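In the entry's author numbering, the protein residues as written are 1 to 37.
Everything below concerns the one structure shown next.
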Amino acid sequence: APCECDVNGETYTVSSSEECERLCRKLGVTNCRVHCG
């Protein structure tokens, strides 16, 4: 399955862990987690 990114406590799906990181940077939130299933 694709990779999942948890920002602010909410869970989103991203193609890559770096995409997660970038997304969190775009939102401007430090609370950001990642795990790829």
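We put the CB at the ideal spot given by N, CA and C, even for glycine.
Please classify residue i: is it buried, with 16 or more other beta-carbons within 10 angstroms of its beta-carbon, or exposed?
i     : result
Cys36 : exposed
According to DSSP, what are the bridge partners of residue i?
i     : result
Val14 : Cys3
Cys32 : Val7
For residue i, which residues in the same chain have their Cβ closer than 6 Å to its Cβ, ignoring the five residues on either side in sequence?
i     : result
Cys24 : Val7, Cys32
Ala1  : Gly37
Would you mind working out which of the options sits nearest residue i, comparing C-alpha positions?
i    : options                    : result
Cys3 : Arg22, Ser16, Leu27, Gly28 : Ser16
Excluding the 5 residues flanking residue i on each side, which residues of the same chain have their C-beta closer than 7 Å to its C-beta?
i     : result
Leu27 : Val7
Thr30 : none
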